[PDB]
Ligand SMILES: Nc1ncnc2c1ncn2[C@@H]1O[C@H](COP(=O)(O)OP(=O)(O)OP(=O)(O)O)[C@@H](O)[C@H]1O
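This document opens with one chain alone, in structure tokens, the form solved without the ligand.
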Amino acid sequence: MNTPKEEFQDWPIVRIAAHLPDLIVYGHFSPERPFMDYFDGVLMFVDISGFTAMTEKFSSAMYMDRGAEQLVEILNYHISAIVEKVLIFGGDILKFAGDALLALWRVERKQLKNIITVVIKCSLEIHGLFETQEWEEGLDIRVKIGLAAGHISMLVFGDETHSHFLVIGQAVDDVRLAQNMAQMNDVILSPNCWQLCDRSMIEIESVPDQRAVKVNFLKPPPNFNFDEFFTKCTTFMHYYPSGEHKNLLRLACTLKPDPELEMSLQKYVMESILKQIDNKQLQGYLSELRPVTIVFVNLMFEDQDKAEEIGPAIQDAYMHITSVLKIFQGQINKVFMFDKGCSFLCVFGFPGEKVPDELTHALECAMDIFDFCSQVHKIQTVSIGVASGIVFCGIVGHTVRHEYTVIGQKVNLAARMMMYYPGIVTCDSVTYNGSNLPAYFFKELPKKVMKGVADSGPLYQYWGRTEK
């Protein structure tokens, strides 16, 4: 008999798995919401703000009507190469945002030392991709890498139809802190990472007024062979593609249909993405430069360093946020958590869900969320930034590992507003002027110099309907 080869690998469940890390795809969790788990690992945070700051050049008349299509293509060309490096070095890409990606090497405590060496090597090869790279006089095509290691907590929250996850705790805080100390082409180790690493492998230098360190060189011992060392390390990597599947970037490419598993995985993915995965919408429909309103919610916790406390609080906030967003087809695009603020990137006017009075509604929703979350047990401070304008939307990453992402000056502004004006609902000039609302509903704010924002315009507090 004949033996036709090639297993079919293009099932809906595989296409869904592209939008999720192995932490979720291979997770098998209890139904309780919230769900918490605890483990150890090495984290890599790759600052990609250098080439995602491109959103400005692609809004120009020079791109004719194809700014969004050109932007997604060039971003994915560069980001795909970073993803391949992380995946071949055995990492799990957790999440993408406009300005970063976060990757995880989950391992037993005894193996943290050797895995740090692997992740340092990966980081240096990432930098190597961008050595002679630019556009239109501008080698702003470089990255900044922060590494951390130690205890990691995972939180899964949601309802019967939607799920979200976060990694939290000190190593998570550390990796953000490490990456914001980095200059272009740097690899910064968190203080705990430096304490746990194989110091014989690396030459470091001090970071002024910091216990975190900069990797100058990976200079291994005389008898060292990285390839043999990496093969030993794969003993500890549960899902490293191997044997018959050594040619694949992810074991998740081999997932077979399983309705119970697919029911669980689909809850993490937006319905319009599922429509495209089901071949019920054109594959290019979601790449667009689209007017939206960003509602960026930040929740700060009473006891920030307690996972068992913050998980229920985030679940409670989430149940309210989701009910409020449903009323106006608002969507949670991302949830992120670092300086023990949990932040929800909410979007009004995504593709196929654009309501007319987007501005008035975004403000009313912001105030509703603000009032409710302010009364949630263990939530110390709620802060909400509201900004409106043209943003890039699209699926960003590699064919085998990608996520729908929103990128733009208005996303960065709403993020900055919630941090620089804590404890209140703020909005930009577009929102204020557009809203069908009387001027005494607002308070014109002092101008603050905010990181990455230049010419923010006048900013306002949404005070609400009454003096109170």
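Rigid core here is just the name for the largest C-alpha set that superposes within 1.5 Å across the two forms. Start at 1 and count along the sequence shown; that's the residue number.
Quick note: we don't show the form solved in complex with the ligand, though the next part is all about it.
Site status: blocked, since the ligand, placed here by C-alpha superposition from its pose in the deposited bound form, has 3 or more atoms within 2.4 Å of backbone or C-beta atoms. Using a 4.5 Å cutoff between non-hydrogen atoms, residue 99 counts as a contact of the ligand in the deposited bound form. For the chain shown alone, residue 145 is not a contact residue for the ligand in the deposited bound form, no non-hydrogen atom being within 4.5 angstroms.
Put simply, residue 318 is far from the ligand in the deposited bound form: not one heavy atom of it is within 4.5 Å. The shortest heavy atom separation between residue 296 and the ligand in the deposited bound form is within 4.5 Å. Candidate site formed by 362, 461 and 463: none of these residues places a non-hydrogen atom within 4.5 angstroms of the ligand in the deposited bound form.
Checking 403-411, 439-447, 424-432, 29-37 against the ligand in the deposited bound form, the stretch whose residues place heavy atoms within 4.5 Å of it is 403-411.
Only one of 237, 86, 345, 118 comes within 4.5 Å of the ligand in the deposited bound form through a heavy atom, and that residue is 345.
Residues are counted as partner-facing when one of their heavy atoms sits within 4.5 Å of the ligand in the deposited bound form; in 190-212 not one qualifies. Considering 305, 258, 108, 244, one residue stands apart with a C-alpha shift of at least 2 Å between the shown form and the other one following superposition on the core, and it is 305. A movement of the C-alpha atom of residue 49 reaching 2 angstroms or beyond is seen between the shown form and the other one when the two forms are aligned on their rigid core. In the deposited bound form, the Cα-Cα separation between residue 52 and residue 387 shrinks by 3 Å or more relative to the displayed conformation. In the deposited bound form, the Cα positions of residue 428 and residue 51 lie at least 3 Å nearer to each other than in the form displayed.
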